[PDB]
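> PDB entry and its sequence, pasted below:
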Amino acid sequence: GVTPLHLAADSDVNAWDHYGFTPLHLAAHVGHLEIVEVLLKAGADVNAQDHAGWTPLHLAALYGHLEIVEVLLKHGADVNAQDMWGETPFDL
Amino acid sequence: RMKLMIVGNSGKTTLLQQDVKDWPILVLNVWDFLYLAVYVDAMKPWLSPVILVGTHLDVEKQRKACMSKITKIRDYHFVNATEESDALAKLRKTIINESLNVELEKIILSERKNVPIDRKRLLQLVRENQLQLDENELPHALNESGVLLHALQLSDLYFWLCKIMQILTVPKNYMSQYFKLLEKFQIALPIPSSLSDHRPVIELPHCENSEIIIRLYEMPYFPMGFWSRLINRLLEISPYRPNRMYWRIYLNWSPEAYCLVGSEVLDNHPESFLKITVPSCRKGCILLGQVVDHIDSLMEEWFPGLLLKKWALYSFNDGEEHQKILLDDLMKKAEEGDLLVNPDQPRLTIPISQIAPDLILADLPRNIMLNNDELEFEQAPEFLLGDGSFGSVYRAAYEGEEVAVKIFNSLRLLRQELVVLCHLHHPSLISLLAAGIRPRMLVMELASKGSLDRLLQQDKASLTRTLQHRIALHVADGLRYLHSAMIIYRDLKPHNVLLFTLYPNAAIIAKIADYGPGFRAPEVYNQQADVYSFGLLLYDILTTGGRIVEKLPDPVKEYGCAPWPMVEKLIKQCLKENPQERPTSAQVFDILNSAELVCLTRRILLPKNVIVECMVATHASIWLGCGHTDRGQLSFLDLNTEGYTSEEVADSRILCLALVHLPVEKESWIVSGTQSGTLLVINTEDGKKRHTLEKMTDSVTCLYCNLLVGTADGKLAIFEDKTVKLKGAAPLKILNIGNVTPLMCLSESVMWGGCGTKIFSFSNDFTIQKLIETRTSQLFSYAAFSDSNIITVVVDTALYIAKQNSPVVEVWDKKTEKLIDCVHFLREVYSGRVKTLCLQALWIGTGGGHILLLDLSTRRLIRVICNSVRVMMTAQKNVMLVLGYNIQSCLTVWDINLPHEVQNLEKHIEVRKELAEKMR
Ligand SMILES: Cc1ccc(C(=O)Nc2ccc(CN3CCN(C)CC3)c(C(F)(F)F)c2)cc1C#Cc1cnc2[nH]ncc2c1
């Protein structure tokens, strides 16, 4: 239930998999800053959510990839959005 | 205020001036359809007092004769005029004298009756304060005043009044309510009630006297609405093609099965006759029995009382006039023998089965008539069953098997009970064995262990948890079945629960019986009262003694029984005071038909806004590491008294906990690994005797007792169990495996562990024996999960290993050094990411509050089961502890039998259902 864009992000722009992770989510999760920037420049949904409510900013700041956080913020992202548990990318 | 009604045959509204209206006489509401009787036979069905008044007799002695025809009623008045009568003032004075000889709701009704065509309660709350009684103020309150009328389903939220009930002349919710009311008011039937008043010409059946059974009902007066009610109820008749003709019933199914239920009157007779003509064969007598049963039910429920005479017509020889004999005489003859003999020349006789085939219980189902030879039926006094507490029941033997015999002294009750019983075949309902014709009795199967009431009173030791669940589940099944057939049990009591087998895995354990008070709903019935009674019964099952020994108190606190979560909630919701909020019996059974209902021993909720990251179990009690702040708080939760305590012991968040045991000196020290890297050793006996071991370079993330310390830099430090008590103890050796790669897993079974993305093994010599790289499994799950830290390791024959923020659990063979998807299991049956594992079966606690269960052979999903899981582990009756979050912390103590018992029930119910599939 994944598209080659999913695998490219790991190693459609908003198509989701079993876990709700769109390419963006996985790009901000693994730590590929360039892939995140490419995806936002390609028209990504910086306000998307997975099956657990996490946003691309959530995974970007969840692992310490602050450069991806800045790239998302400069591209219309919401810094106060909440997850399933109500936490924000600022919280993580 | 008062209600006045015009009754009788006929000025109607002409005499009312002296359909609903208002008139002061004190103000009254007049309905033209005390009670005023306008004057000769319609007054008897009307009979609250009735006043006789002449029908404007202005057309003398004739009026007096007509009055004395019926009078020789409260009084008589000669109002002999359509207007301005001489005695009109006298009639008004008499009516005033007769009439003279929820107040808040009455006041509020004026505002209530302001609907141009539910929300009325809001109007009762906006402009009133006492109406806040709500539940206690609206139990019956409006139908008593004829305004805003409200088992009618369309009555709770429904509130044209009586004139439209208009259909006799010729909103969707309003139309549905009108249809329901017309069905209730017997104006229209779910086959009209005013079809015709002339009996249609009937077909010609067999007219032989020896071939027909004729039952006559001589009634002096016809009650009003009798025929319409009989038409409505003479429809659920079955001989196992209803060519039905309707008039003010010719129900013929076959040339040998028909009921000619009609009414008539002879020329030389002032009363009325109801005639039933049935064929005297094997099938028609069933129809006759059903028709007699329905007529008796109508004259007992709808129209109590009514002197009614029952005759049966018999002819010794064909071609002779039918001779009518009272049913009491025929019953006496059937009790004495089975032949009616002519008193004159006693040589011609006729069996009762050919005359009154309902006094000898004739034509009962083929598999049910009692064979007088096989059964013992020895109803000797003092050879009772239950010492007579079950009525007049003794013991006997039917076909070599013991049975219970109930003697019936009075034929009405036996036939009513048999008709009730012949359509109740359920695994949880006691089943009919013998009809019991000649002794006039009823024989049932026997329960060896008495009733459940006796078990709860005395034999409490043998009643285990699974036995309680099985009894309650079977009784709920029975109640649900009873309500499925629109049958209402009176009051479900422990005395009505018979126990056959005490083996917990048997298909049937408890049964419901009714051998002809405190277990009462607040409203009293209705099935909501039955659910209330079942809630009380389950309260008395969970609490073994309970209310049968002596708004309810909490069962696990008043009586001190072992806690049973998910059953106390069911009791609470069943015993809800509002009948609309009680669950239906089907829903109650589904709640009982729960795998997690039996095993869930304990459920503890921790103080609000507390975060616990790790726990350990003493061997009951639990130590917990609070992580809702930047201070190291150690909490102590007692699983018995739920005495949650906490204290600050460290300057940094406590990350891991372990328990060193020293049987040599009988010591037990809890070691706490903190974020700053300090191992805090505290004697579990007292918190004062505490110290610290050698401080680690980085955070301490895992501790195991064999004492092994895993840090955030992979520096596994080995501590001898006897040197844990040594203050500032230095480890004998340190593996130093990994890099600045946390060592977070350590398990026994040579023993193994996990750090970063590598698995290591080592023996008693404490050096690396096997190293396995777990990033080679990136083709099965992408690098977002494999490249995470390793958080859990368990072992039986292959290492089951779980990584941080990953819903995938991997399996690695311990020999060749080389796949459970939790999202798949969750979707088939919500975050998915694995937070903890444990082993016994494999238990996987995911971040969304689910606890997946797997077998250790084929990794098959058993059950998926507070919406987070932080850590699950074993403890000791072996149990499982699970900790999760809501943030409101959650502790859940299951019975480790959980993988097995929930399987049993899955088969149990099934085989039990099979019995129903065989009982139909
Ligand atoms: C000897 C005997 C005769 C009759 C019954 C009986 O109950 N029949 C019966 C009738 C009707 C109904 C259902 N109606 C519907 C609505 N009504 C308003 C309420 C109920 C039920 C149902 F069950 F469905 F409710 C059961 C039990 C025994 C027995 C026995 C026995 C067996 N074993 C034993 N061991 N020790 C003692 C002992 C005693």
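Received it, and whenever you're ready, just let me know what you need. Numbers count the residues shown, from 1 in each chain, chains lettered A, B, ... in the order given.

> From here on, just use CA atoms for contacts and neighbour counts.
Fine.

> Residue B:333 belongs to a helix?
Yes - counting by DSSP: H, G, I helix; E, B strand; the rest coil, residue B:333 is located in a helix.

> closest point of chain A to chain B, which residue?
Distances between chain A and chain B by CA to the nearest CA are smallest at residue A:52, namely 5.0 Å.

> What about that residue, how many residues nearby?
By other CA atoms under 10 Å in any protein chain shown, 18 other residues sit near residue A:52.

> Then residue B:883?
Neighbours around residue B:883, by other CA under 10 Å: 26.

> what about it, is that helix, strand or coil?
Reduced to three states with three-state DSSP, the structure at residue B:883 is strand.

> roughly how far apart are it and chain A?
17 Å (CA to the nearest CA, to the nearest Å).

> quick one: buried residues of stretch B:875-894?
B:875, B:879-886, B:888-894 (16 or more other CA atoms under 10 Å in any protein chain shown).

> what helices or strands is whichever strand or helix holds residue B:216 leaning on?
Using DSSP states H and E, residue B:216 sits in strand B:212-219. Judged by 3 or more CA pairs under 8 Å, 6 or more residues apart in numbering or on different chains; DSSP states H and E, strand B:212-219 is in contact with strand B:272-279, strand B:309-314.

> ok and the shortest one relative to strand B:212-219, angle-wise?
Read it as strand B:309-314. 160 degrees (axes from the mean of the first three to the mean of the last three CA atoms, to 10 degrees).

> Tabulate the helices and strands packed on strand B:212-219 (JSON lines), appending mean neighbour count.
Output for the helices and strands packed on strand B:212-219, formatted as JSON lines (neighbours: other CA atoms under 10 Å in any protein chain shown):
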{"stretch": "strand B:272-279", "mean neighbour count": "22"}
{"stretch": "strand B:309-314", "mean neighbour count": "19"}
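
> any chance of the ones you listed in a markdown table, plus distance to the ligand?
Below are these laid out as a markdown table (distance: least, CA to the nearest ligand atom, whole Å):
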| stretch | distance to the ligand |
| --- | --- |
| strand B:272-279 | 28 |
| strand B:309-314 | 27 |
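
> Quick one: closest of those strands to residue B:865.
Residue B:865 lies closest, by CA to CA, to one member of the helices and strands packed on strand B:212-219: strand B:272-279, at 60.9 Å.

> So what are the sheet partners of that closest one and their directions?
strand B:212-219 (antiparallel), strand B:262-264 (antiparallel) (DSSP bridges).

> Can you give the contact residues for the last one?
Same thing as strand B:262-264. The contact list for strand B:262-264, computed with CA atoms under 8 Å, 6 or more residues apart in numbering or on different chains, reads B:249-250, B:272-276.

> So which of those is the closest to chain A?
Nearest to chain A among these, with distances taken as CA to the nearest CA, is residue B:249, at 65.2 Å.

> List the contacts of the closest one.
Taking CA under 8 Å, 6+ apart as the definition, contacts of residue B:249 comprise B:231, B:234, B:259-262.

> hey, where'd the helices end up in chain A?
A:4-10, A:23-30, A:33-41, A:56-62, A:66-73 (DSSP state H).

> Of all the residues in chain B, which one is nearest chain A?
residue B:831 (5.0 Å).

> Excluding residues flanking it in the chain, which one is nearest the spatially most central residue of chain A?
Nearest to the mean C-alpha position of chain A, counting by CA atoms, centre = their mean, stands residue A:56 at 2.1 Å. With CA to CA, 6 or more residues apart in numbering or on different chains as the criterion, residue A:56 has its nearest non-adjacent residue at 4.9 Å, and that residue is residue A:25.

> Neighbours of that neighbour, how many?
Around residue A:25 there are 29 residues (other CA under 10 Å).

> what's the neighbour count on residue A:78?
Residue A:78 - counted by other CA under 10 Å - has 17 other residues nearby.

> Could you pull up phi and psi at the residue lying closest to it once chain neighbours are set aside?
Among residues not flanking residue A:78 along the chain, residue A:47 sits closest, at 6.6 Å (CA to CA, 6+ apart). Main-chain torsions, residue A:47, degrees, to the nearest 10: phi -110, psi 10.

> what's residue A:47 in contact with, if anything?
Taking CA under 8 Å, 6+ apart, one finds A:55-56, A:77-78, A:81 in contact with residue A:47.

> Out of the strands paired with strand B:272-279, which is the most enclosed?
strand B:212-219 (a mean of 22; mean count of other CA atoms under 10 Å in any protein chain shown).

> immediately after that strand, which helix or strand?
helix B:226-233.

> and the helix or strand that contains residue B:702, what does it pack onto?
In this structure, residue B:702 sits in strand B:700-704 according to DSSP H and E. Judged by 3+ CA pairs under 8 Å, 6+ apart, strand B:700-704 is in contact with strand B:654-662, strand B:667-674, strand B:708-711, strand B:743-747.

> any chance of those strands in a markdown table, plus distance to residue B:142 and mean neighbour count?
As requested, the helices and strands packed on strand B:700-704 are exported to a markdown table (distance: least, CA to CA, whole Å; neighbours: other CA atoms under 10 Å in any protein chain shown):
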| stretch | distance to residue B:142 | mean neighbour count |
| --- | --- | --- |
| strand B:654-662 | 66 | 24 |
| strand B:667-674 | 70 | 24 |
| strand B:708-711 | 76 | 26 |
| strand B:743-747 | 72 | 25 |
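
> Switch these over to JSON lines; also include distance to residue B:422.
JSON lines is the format used below for the helices and strands packed on strand B:700-704 (distance: least, CA to CA, whole Å):
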{"stretch": "strand B:654-662", "distance to residue B:422": "65"}
{"stretch": "strand B:667-674", "distance to residue B:422": "68"}
{"stretch": "strand B:708-711", "distance to residue B:422": "71"}
{"stretch": "strand B:743-747", "distance to residue B:422": "63"}
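
> could the ones you listed be laid out in TSV, adding distance to the ligand?
What follows is those, written out as TSV (distance: least, CA to the nearest ligand atom, whole Å):
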stretch	distance to the ligand
strand B:654-662	54
strand B:667-674	55
strand B:708-711	62
strand B:743-747	55
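
> how about the ones you listed in CSV, adding distance to chain A?
Formatted as CSV, these follow (distance: least, CA to the nearest CA, whole Å):
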stretch, distance to chain A
strand B:654-662, 18
strand B:667-674, 21
strand B:708-711, 20
strand B:743-747, 18
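
> so which of those strands comes closest to residue B:591?
Per CA to CA, nearest to residue B:591 of those: strand B:654-662, 37.4 Å.

> Count the residues that sit near the nearest residue to residue B:773 once chain neighbours are set aside.
Using CA to CA, 6+ apart and skipping residues adjacent in sequence, the residue nearest residue B:773 is residue B:758, 4.7 Å away. Residues lying near residue B:758 (other CA under 10 Å) number 18.

> For residue B:95, give me its contacts.
By CA under 8 Å, 6+ apart, the neighbours of residue B:95 are residue B:34.

> rewinding a little: would you format the helices and strands packed on strand B:212-219 as a markdown table with distance to residue B:56 included?
Below are those laid out as a markdown table (distance: least, CA to CA, whole Å):
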| stretch | distance to residue B:56 |
| --- | --- |
| strand B:272-279 | 31 |
| strand B:309-314 | 38 |
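
> So which of those strands is nearest residue B:43?
strand B:272-279 (16.3 Å).

> and the next element down the chain from the closest one?
Toward the C-terminus, strand B:272-279 is succeeded by helix B:284-297 as the next helix or strand (DSSP H and E).

> So what touches that next one?
B:230, B:233-234, B:237-239, B:256-259, B:276, B:278-279, B:357-358, B:362-364, B:415-416.
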